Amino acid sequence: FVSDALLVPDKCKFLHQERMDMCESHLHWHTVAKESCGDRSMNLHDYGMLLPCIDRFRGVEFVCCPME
């Protein structure tokens, strides 16, 4: 497994999260990213999975960018 390289334009932020105890689905890790950009007043423009543990992962990486 190799983590995806995400594109981070100017004033965007690269974020990531993981927990060696968890083993969650892709859809769960998406909602983690979409909400984290949301309560920062930013949109989700790019994301990928971290640490595979069947279609389940221990982490996520994503990019938030300002709105409008």
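Just count from 1 along the sequence shown to find any residue number.
Where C23 is followed by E24 in the displayed chain, the model omits none of the deposited residues that would sit between the two. The PDB entry assigns the greatest CA B-factor among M49, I54, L44, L15 to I54. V2 sits in the highest third of its chain by CA B factor, as recorded in the PDB entry. Looking at the C-alpha B-factors along this chain, the one for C65 belongs to the middle third.
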